[PDB]
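This report concerns only the one structure given below.
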Amino acid sequence: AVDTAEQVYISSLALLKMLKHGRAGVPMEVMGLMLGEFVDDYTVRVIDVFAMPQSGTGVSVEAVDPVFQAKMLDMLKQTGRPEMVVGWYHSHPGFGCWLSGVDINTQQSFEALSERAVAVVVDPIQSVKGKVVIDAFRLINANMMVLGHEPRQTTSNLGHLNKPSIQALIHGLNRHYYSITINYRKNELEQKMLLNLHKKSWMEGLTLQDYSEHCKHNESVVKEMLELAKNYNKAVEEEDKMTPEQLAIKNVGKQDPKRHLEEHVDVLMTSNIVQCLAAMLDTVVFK
Amino acid sequence: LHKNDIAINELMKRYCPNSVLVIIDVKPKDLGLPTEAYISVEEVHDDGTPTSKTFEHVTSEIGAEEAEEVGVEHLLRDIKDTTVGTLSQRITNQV
Amino acid sequence: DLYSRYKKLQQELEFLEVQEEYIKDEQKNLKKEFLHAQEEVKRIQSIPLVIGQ
Amino acid sequence: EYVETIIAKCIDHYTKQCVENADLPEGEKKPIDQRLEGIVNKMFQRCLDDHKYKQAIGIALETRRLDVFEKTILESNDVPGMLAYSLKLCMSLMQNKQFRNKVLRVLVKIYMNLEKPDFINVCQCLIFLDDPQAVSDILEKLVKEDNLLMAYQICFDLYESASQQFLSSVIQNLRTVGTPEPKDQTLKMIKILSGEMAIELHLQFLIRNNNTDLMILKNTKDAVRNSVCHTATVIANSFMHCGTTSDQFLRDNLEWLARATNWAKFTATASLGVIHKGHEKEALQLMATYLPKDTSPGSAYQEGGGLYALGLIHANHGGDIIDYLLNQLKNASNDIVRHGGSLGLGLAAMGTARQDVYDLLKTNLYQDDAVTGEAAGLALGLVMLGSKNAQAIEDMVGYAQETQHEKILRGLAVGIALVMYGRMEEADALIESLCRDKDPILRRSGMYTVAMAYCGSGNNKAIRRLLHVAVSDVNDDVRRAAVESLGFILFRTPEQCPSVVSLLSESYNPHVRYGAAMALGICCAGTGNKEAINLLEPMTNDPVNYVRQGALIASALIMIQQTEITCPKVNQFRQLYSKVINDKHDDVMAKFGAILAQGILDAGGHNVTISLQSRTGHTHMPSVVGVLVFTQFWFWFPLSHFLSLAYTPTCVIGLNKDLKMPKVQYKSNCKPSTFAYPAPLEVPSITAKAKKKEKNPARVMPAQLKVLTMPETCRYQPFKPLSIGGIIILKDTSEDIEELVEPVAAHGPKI
Amino acid sequence: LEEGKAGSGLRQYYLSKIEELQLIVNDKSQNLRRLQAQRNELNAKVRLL
Ligand SMILES: [Zn+2]
């Protein structure tokens, strides 16, 4: 009878494998297996994550082929992957990320070997592309109903765990069903390689190709955006001619939610491209 | 680019279809685009040299379709989007 | 007290002068976060949607 | 006009060249013409005809000259006022220590030639210079002067604070001097470095000044939970029962403490270690009497809490049991002798800088474990106070990036953070080089490391990168862990803090609001500035529990030691008292920080308080360490037990003889009803004399030190005029019979 | 003498002008921090969104 403060380490490997697995996450029930290494009691690290072939039965203990699982794990052991399995993941599209009776039964059957049994459910179908915040699931002991539910120390991270604060699943099904916090980790190779790779993904090949395209399109295509921009500017000034009457009568309170200022500032920002690229044309013409 | 790459790529030329070759750097110190698509096709030379495997450079782009942009943007939380205006333009015009 | 107000005041000169580059950093960074969060809440609005009444 | 402008620009350019050439004593010295010295020293001496008692030391310090101020104090009245005003002006100019030590070491030669030596100058200088050559004369003149009463004060305060390793060296410096009045010098040198008399008197008046109420403890038992606040109840009980050794509150029942096998029993035993402190026999005997049957407890948290609690008891004592702690720590055990034994051993061996604890600590952290490596990091940081080992920093920073755990990185982070003390001119390239590290934990370690290194507001450059990384960086770790260094360097002025952190009170993210709440909690602690109190109201109302917890802690650190008649604290008293009754509709941690904040005001029964600096202006090391580790409860909550190391009781001492206790009764010019105790509910224009008797001195506000007036008809009177509060002795002016000696107490909760 | 009232008088007046420059830095910090509170209140508002 002892419990500690565990935290699931999530790198970019399992994240991207859950993003591609989420793209291939058909409404049919899918299967997955997570790997890693156990260094101590209250920490867990995942490194290897792969997918499993779909079946008509779906998420079940019968669909897990022991000769296929042990075969692929042996093929990973003969290679440079000396990590044991740490859990299994899946997707719950539509009906919510909660776990049914079959999922908790195969979880109870699959947790006999690993005491942790990390469970992660990705659902990018109804999740907006703004946030990709994911949550990890855990299994509580049925004999702990008499004592405290979760005697876990370090209650500070619960504020970070309160971000998924849906009012139906967390305390709608919190009985015998809790969760755990999730953190990330990034070394210098992922920071410089992935940062420079993303900056290059938003940059050009030689970085000097598409500059003259806009520098010379300022005289052909942008002129239409400047004339239309002046058409919207006049379309606002026609009301700005009527503004000094009300502003000259009431001067108390604001009724129009439009600011009429930041939009013109943005128009000036779009207009400053000519000024910023004029020096570019000066450098291309000069040398 | 070593000479053995014709024998390494020749296996996937016999068994598999025309294989593309990509040379990258072991250290992320190269400022340029790390990916270069090199097609494995034989070209006729004008000087009269015998026909051999030629690696022609094919242009490449680094883009994500649906989710990898969200995952990378969430893992970084430091990079900025296009953000047309003063800073995103003047940084390119300086560096 | 009379002559000590100069040298004692110099500490307030440095403490108030040091805030210049600080408020520069805040006014130059909080607008970058303003356009970050602004584009983050702006990109939520997607083209595929349902039409009600 | 012309003459005053040419002498004005002549003096301005003169002191400008004196500043440009003051930092370069040797090499490439710029030539100074003699006519400039003539025309500056002419009108300068003209001003020095009478010195006008205002600009002598001012212009004498602005010119940065060697013998410019020695001739000023020759013909001058009120020498102690000129040296006290001199050091007061020198301590307020943000010195760089390059010339302050020279000016002090050259100005301490004038009072020894007078008719009698003063203590305010030698104290206010020895708290800053810390030079061994400045004490060798004053330690040997005590025998030549043959004066016993005057040495007790300087021994009490110099052996009290202002130095740890300088005391560790001066104890053997004075131990060497003397025999290897011979009969009197022996008991003198033995009794001056004892230090247990302060524990005896503090245990005495603090053992007879306790006042407890059933409403607070009954409210804690009514709002106790079995999950989170179980540690808050026992840590609040340890706060209110600190020093008084009142275990009868925990002797009511055993089903409320050992009901769950978890860290709650470790925090309960460590809290018990916070309750009783300063016991050489009742501590080990009290820990051994709990189960002296089989010597095999099923829960090792009692042994770990016994070692950690023992380290809390024997902190900074001369009678350490460390020799037995090595033979007891050598035994192989599971994460309790290593963790609790490492914390207790490092806390008991703090300042010793022994290589033994370094070796066994290294071989204790070589197991790659994060818990014993975190406790080993704290213990190494404590024992390495002032050591500055060469291979230790490079070995720890080399051990940092080669592991994946975070508790080892925070343990070695605080380990390399506390070791940095007095390295203002040394840690520049270390903090500047380690500031750009890829690890956010080590990035916080650079700020926490530079925090204690730049104490005293002596560097206005570090704040550039402190706030630059607090606002510019995207990770909230250095953002909420950044401003603690700002408060640790700007703790001198309480008014200037809310002007620059008021923007951080309501920031963008709640992390900067929480860390800024800790900043307001540590910067204004022990003061009475309302510039944060009037801003506490917007902090306590927000949907985020972070700013609410940090707001209750920041308000709990300011409401202590304050009367209601001075400021209307009814707002924060009512809104803070409504948290324990409103905990049903609040978060689980909001009530934890709520009752944890309520345990601060009731700590010690309003008798003991906290202080960031001493009376002479110098800052206490265990107070800063105790308050920073007290703020480090976010990652590890049981780390808050080090708050007892910062408890500084505010009172007076009039002990004349070591074995004779006199009675001193003064009078205050204020109302006695305004300084009474705020007695809570039951829930079943001038005073004649003060309430301090038999010296049981009660609490005293630092602002009350200016309204005290000693009675003219008092039989006894000290030699030094009692002006400010501190530790002094009494001078027997009558020298007659009936000294009014009082007996000593008997056995009980204490020894 | 006539120095503390004349020399230190013009030096004290110059110190008052320095207090005027510190009043320009002062109220620049005031309005810059109030506008900073406005931008922080708007970005915090879309954060609440
Ligand atoms: Zn389904």
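Naming scheme: A, B, ... for chains in displayed order of the structure tokens; residues 1 onward per chain; ligands 1 onward as shown.
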Using only C-alpha atoms, determine which residues lie at most 10 Å from residue A:163, disregarding the query and same-chain residues fewer than 4 positions distant; provide the list as a ChimeraX atom specification. /A:133,135,158-159
Selection above as a file: C-alpha atoms, as a compact mmCIF listing (two decimals), in the first residue's frame:
# COMPACT_ATOMS: atom_id res chain seq x y z
CA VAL A 133 -3.56 19.19 -25.99
CA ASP A 135 -4.60 13.69 -21.94
CA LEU A 158 -3.26 19.59 -10.82
CA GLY A 159 -3.75 23.19 -11.93
Just want the 7 Å neighbourhood of stretch 11-25 of chain A, counted on only C-alpha atoms, with same-chain residues fewer than 2 positions away dropped. Output as a list in words. residues 9, 27, 47, 49, 122, 123, 124, 184 and 185 of chain A; 67, 68 and 71 of chain B
Kindly export the residues of the current selection with C-alpha atoms, as an mmCIF file, in the first residue's frame.
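See selection_28.cif below for the written result:
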data_model
loop_
_atom_site.group_PDB
_atom_site.id
_atom_site.type_symbol
_atom_site.label_atom_id
_atom_site.label_comp_id
_atom_site.auth_asym_id
_atom_site.auth_seq_id
_atom_site.Cartn_x
_atom_site.Cartn_y
_atom_site.Cartn_z
ATOM 1 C CA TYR A 9 7.083 12.025 -20.375
ATOM 2 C CA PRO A 27 -14.010 5.732 -37.390
ATOM 3 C CA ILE A 47 10.225 6.383 -27.191
ATOM 4 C CA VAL A 49 5.292 4.012 -30.889
ATOM 5 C CA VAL A 122 -6.092 10.687 -29.269
ATOM 6 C CA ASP A 123 -9.150 12.248 -30.927
ATOM 7 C CA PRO A 124 -8.249 14.825 -33.597
ATOM 8 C CA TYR A 184 7.208 17.566 -22.823
ATOM 9 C CA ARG A 185 10.956 17.492 -23.421
ATOM 10 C CA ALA B 67 -1.744 17.816 -38.272
ATOM 11 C CA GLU B 68 2.060 18.075 -38.308
ATOM 12 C CA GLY B 71 2.065 19.472 -33.588
#
Protein and nucleic residues near ligand 1, 12 Å, only C-alpha atoms and all ligand atoms, as an NGL selection string: :A and (26-30 or 57-60 or 90-103 or 123)
Keeping only C-alpha atoms, write the selected residues as a PDB file, in the first residue's frame.
ATOM      1  CA  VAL A  26     -10.746   6.038 -39.388  1.00  0.00           C
ATOM      2  CA  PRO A  27     -14.010   5.732 -37.390  1.00  0.00           C
ATOM      3  CA  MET A  28     -13.225   2.015 -37.109  1.00  0.00           C
ATOM      4  CA  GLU A  29     -11.614   1.103 -33.798  1.00  0.00           C
ATOM      5  CA  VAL A  30      -7.818   1.063 -34.021  1.00  0.00           C
ATOM      6  CA  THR A  57     -13.900  -6.668 -34.121  1.00  0.00           C
ATOM      7  CA  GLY A  58     -12.107  -3.486 -33.055  1.00  0.00           C
ATOM      8  CA  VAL A  59     -10.490  -2.826 -29.678  1.00  0.00           C
ATOM      9  CA  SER A  60     -10.485  -6.216 -27.944  1.00  0.00           C
ATOM     10  CA  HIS A  90      -6.281   3.814 -29.346  1.00  0.00           C
ATOM     11  CA  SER A  91      -8.778   6.384 -30.630  1.00  0.00           C
ATOM     12  CA  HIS A  92     -12.373   7.142 -29.599  1.00  0.00           C
ATOM     13  CA  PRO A  93     -13.980   9.259 -32.335  1.00  0.00           C
ATOM     14  CA  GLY A  94     -17.427  10.770 -31.944  1.00  0.00           C
ATOM     15  CA  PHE A  95     -18.728   9.340 -28.668  1.00  0.00           C
ATOM     16  CA  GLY A  96     -16.056  11.062 -26.565  1.00  0.00           C
ATOM     17  CA  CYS A  97     -12.684  10.047 -25.155  1.00  0.00           C
ATOM     18  CA  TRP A  98     -14.228   8.081 -22.270  1.00  0.00           C
ATOM     19  CA  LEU A  99     -13.598   4.349 -21.858  1.00  0.00           C
ATOM     20  CA  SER A 100     -16.337   1.734 -22.212  1.00  0.00           C
ATOM     21  CA  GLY A 101     -16.553  -1.570 -20.348  1.00  0.00           C
ATOM     22  CA  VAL A 102     -14.625  -3.497 -22.999  1.00  0.00           C
ATOM     23  CA  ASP A 103     -11.768  -0.980 -22.885  1.00  0.00           C
ATOM     24  CA  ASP A 123      -9.150  12.248 -30.927  1.00  0.00           C
TER      25      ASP A 123
END
Hey, what's within 12 Å of stretch 16-22 of chain B if we count only C-alpha atoms and toss same-chain stuff fewer than 4 positions away? As a PyMOL selection string, please? chain B and resi 1+5-6+8-12+33-42+53-60
So which residues touch residue D:333 within 12 Å, counting only C-alpha atoms, skipping near sequence neighbours fewer than 2 positions away, as a list in words?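 Near neighbours after the sequence-gap exclusion: residues 296, 300, 301, 303, 304, 328, 329, 330, 331, 335, 336, 337, 338, 339, 340, 341, 364 and 372 of chain D.
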Return as an mmCIF file with C-alpha atoms, in the first residue's frame the residues belonging to chain C that are within 10 Å of chain B, counting only C-alpha atoms.
data_model
loop_
_atom_site.group_PDB
_atom_site.id
_atom_site.type_symbol
_atom_site.label_atom_id
_atom_site.label_comp_id
_atom_site.auth_asym_id
_atom_site.auth_seq_id
_atom_site.Cartn_x
_atom_site.Cartn_y
_atom_site.Cartn_z
ATOM 1 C CA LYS C 32 4.190 39.961 -30.494
ATOM 2 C CA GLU C 33 2.221 37.800 -28.065
ATOM 3 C CA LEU C 35 -0.463 38.932 -32.684
ATOM 4 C CA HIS C 36 0.412 35.348 -31.728
ATOM 5 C CA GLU C 39 -3.764 34.728 -35.076
ATOM 6 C CA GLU C 40 -4.360 31.705 -32.832
#
